[PDB]
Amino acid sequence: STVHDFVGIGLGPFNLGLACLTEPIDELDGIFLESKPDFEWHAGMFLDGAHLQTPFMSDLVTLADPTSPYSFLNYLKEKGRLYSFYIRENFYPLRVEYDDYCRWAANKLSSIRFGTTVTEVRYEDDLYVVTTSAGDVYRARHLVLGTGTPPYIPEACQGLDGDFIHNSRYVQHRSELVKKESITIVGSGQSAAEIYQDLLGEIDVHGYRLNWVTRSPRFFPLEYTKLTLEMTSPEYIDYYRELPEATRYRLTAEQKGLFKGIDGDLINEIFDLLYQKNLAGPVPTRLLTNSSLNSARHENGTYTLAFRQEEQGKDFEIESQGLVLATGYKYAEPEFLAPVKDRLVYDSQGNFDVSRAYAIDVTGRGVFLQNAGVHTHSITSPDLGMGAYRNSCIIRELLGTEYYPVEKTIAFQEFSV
């Protein structure tokens, strides 16, 4: 029956931003399929005071069209909170506020189908046939994959017994963790430090042991200096994508400090808190680096975790009743892409050889990939501050026209000669 211009699979910030940007475009009509009954953005990490790491301009539309009615500032105006935000004079919205803002934006759009899980994608008669778990079938000429990056746990914890959790479900399991006699957090990303700051603040009223163990060499901060922020730019992606595949993969091993790590102010608040608590006596906490969790066993409601200090070359074990795996996220190719696997391009490492224009299929403009492209677009791939730019390039290729102006240079420095 009906054949749309494109189907959006998943409705996270990137595909929702595409939905807000394509809604006023008449000659371009797409639909978005989302498994959840409504938008929801990492609710398990809705800690008190938690905020974005990027300014409010990295919302769904502003960096492409500040006049769009779905901007964060327009959302604050409708809620009667714009003047209060003006006085707050903070660039970073709280996560619970950004999540409510996204739900508010998705509710203004009619191109979204909530409660719809894509289970099969087929290519028939020059059309992509999308089938959902409820049996509904959609057809279109292009696809925009925005399924995000699911949680990642070390394989040493796959099949582990007990009540251990990934950080993506921390808030729902907080009441149980604070009742235990010991808690161990694995990892040292931003989520680990937030949870560590959270549990360390109440370490007196509960009396547990708090262990923070990570494989990284240091609790390194997020490199947020402005000359480095210029690498989140179109001209750098131009230079980075043209590099040989071996150079891009070697860079990704050394560029994790540019988009991961801990907020510098959070590290300093954690030290200040440690200093404050230690005035009343020794604090029952441990912080270890260069230690990789290699195996874990459960018994009597207690975990025996085996680490190896890879730098020192020594093994040690830690016993703890609570286990929070703040081990990050990792993309895996969705199973619904199996019938069209022969139409998708791959690189010499088994991952999608994403084009400069964010395409992953043989035609070069049929299947578009949101996120999951660090090996081809560097730190800009999961960046909320580049979602409107990427959606601009996707709109430009889908439409042929540059509906939203796409900047070619933004940086004072040059990366290529």
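We number the residues from 1 along the sequence you see.
- As recorded in the PDB entry, 243 to 251 is the stretch of 265 to 273 and 243 to 251 with the greater mean C-alpha temperature factor.
- 394 to 402 and 13 to 21 differ in mean CA B-factor, and the higher of the two is recorded for 394 to 402.
- For the set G80, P151, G146, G162, the maximum C-alpha B-factor listed in the entry falls on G162.
- Note on the listed residues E89, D136, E194, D99: the highest Cα temperature factor in the record is that of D136.
- For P93, the recorded CA B-factor ranks within the lowest third of the chain. Only modelled residues enter the ranking.
- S216: CA B factor lies in the highest third for its chain, per the PDB record.
- Split the chain's modelled residues into thirds by C-alpha temperature factor. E310 is in the highest one.
- Remark: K256 belongs to the highest third of its chain, ranked by C-alpha B-factor as recorded.
- Compared with the other modelled residues of the chain, the Cα B-factor recorded for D126 ranks in the highest third.
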